[PDB]
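Form deposited in one PDB entry, single chain, as C-alpha cells, below.
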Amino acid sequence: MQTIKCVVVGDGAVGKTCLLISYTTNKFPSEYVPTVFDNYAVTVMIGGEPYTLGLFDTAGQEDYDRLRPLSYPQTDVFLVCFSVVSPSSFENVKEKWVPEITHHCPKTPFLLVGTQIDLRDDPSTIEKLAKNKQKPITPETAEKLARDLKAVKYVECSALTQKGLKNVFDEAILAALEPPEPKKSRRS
C-alpha cells in the first residue's frame, strides 16, 4: 500500500490541529478542542487502489527551527496554512514557511491553505482586526501569493463548518500524485 506523506505547517494558532481533527473525525470538537493530533493514517482510494494518506501535525514546533525540520523528510505534499483573519500568519507564509519547505524539500509540492474562513463573519474578530487598520485576507490576495510563490493552488476552509475542508485534502492528494516536478508559474 503506497503512502502519501502530508505535513501541515504554519503559524501557531492558525488552526492546524483543529483542521486535522475536524477532517479525520468529521465533526468539529464542540466542547474542547484537542491540543494533540498524532500521526494519522487515512486509507483513501485512488484508481480503485488503497493508499495510505499519512497526516502529520506540527503544532508546538513553530518556535524551534532545528526540531521543526525533523518532520519534513520524505514528505509527498505540504499544506502551508495561514488564518484568513490573521495578516501576520499570512506574511509568515512568504517570509518563513515557503522559504523553509522549499529549502528542505525542493521537489515537494505545497498548497497555500487559508483557515478559519468562518471568522470572516465573526463580529468580534473583525472588530479586533479593525482596531489595528487590518482586514481579513481575501481569496484574491491569497491566490496571487499562491501564484507568486509557485504553490500548486490556493484553497481555504473552515474546520468549524467544514466548508472547503475535504477539498483541501483532495487537492493535496492530487498534487502528491503528480510526478517529481520543478516549481511552475501557474496561470490565471
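Numbers for residues come from their place in the sequence shown, where the first is 1. The term rigid core refers to the maximal set of C-alpha atoms that superpose within 1.5 Å between the two forms.
Not pictured, yet referred to below: the form deposited in another entry.
After superposition on the rigid core, the Cα of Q61 moves by 2 Å or more between this form and the one not shown.
Core-superposed comparison between this form and the one not shown: the C-alpha position of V33 differs by no less than 2 Å. Wider separation of the C-alpha atoms of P136 and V36, by 3 angstroms or more, is seen in the other entry than in the present form. Compared with the form shown here, the Cα atoms of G60 and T108 sit 3 Å or more closer together in the other entry.
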